[PDB]
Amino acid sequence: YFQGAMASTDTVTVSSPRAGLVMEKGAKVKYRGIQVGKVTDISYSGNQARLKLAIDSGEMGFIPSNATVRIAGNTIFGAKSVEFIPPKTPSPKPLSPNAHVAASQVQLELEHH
């Protein structure tokens, strides 16, 4: 390898115990209250998700090699598709070019496996 210009960071990977995890935009990495990096990439392969972190070079000298990872978050609805359903009594006027579908007209269903 060759020495970088400045602001060098080291990459570290994290395996997700639950597949299908998603990461929020601009997620940070902390250690004892201090931000030490950020989450750059996230790849799905089969039934496992891996996270790629970017910790500062100087900050990784303080994290023990036997430390654990704690990921906070909430359960959300991960949707894959959107489908319009023909109503029981359809309207003559088609969908207008600038239409809005109210939330009461939306049906959230769980997929089958």
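Residue indices: 1-based, along the sequence shown.
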Looking only at C-alpha temperature factors in the entry, 48 to 56 or 77 to 85, the higher average sits in 48 to 56
With B-factors read from the PDB entry, the higher C-alpha mean of 88 to 96 and 101 to 109 is in 88 to 96
Tertile call for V22 (CA temperature factor, within chain, third-based) is the lowest
Tertile call for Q35 (CA temperature factor, within chain, third-based) is the middle
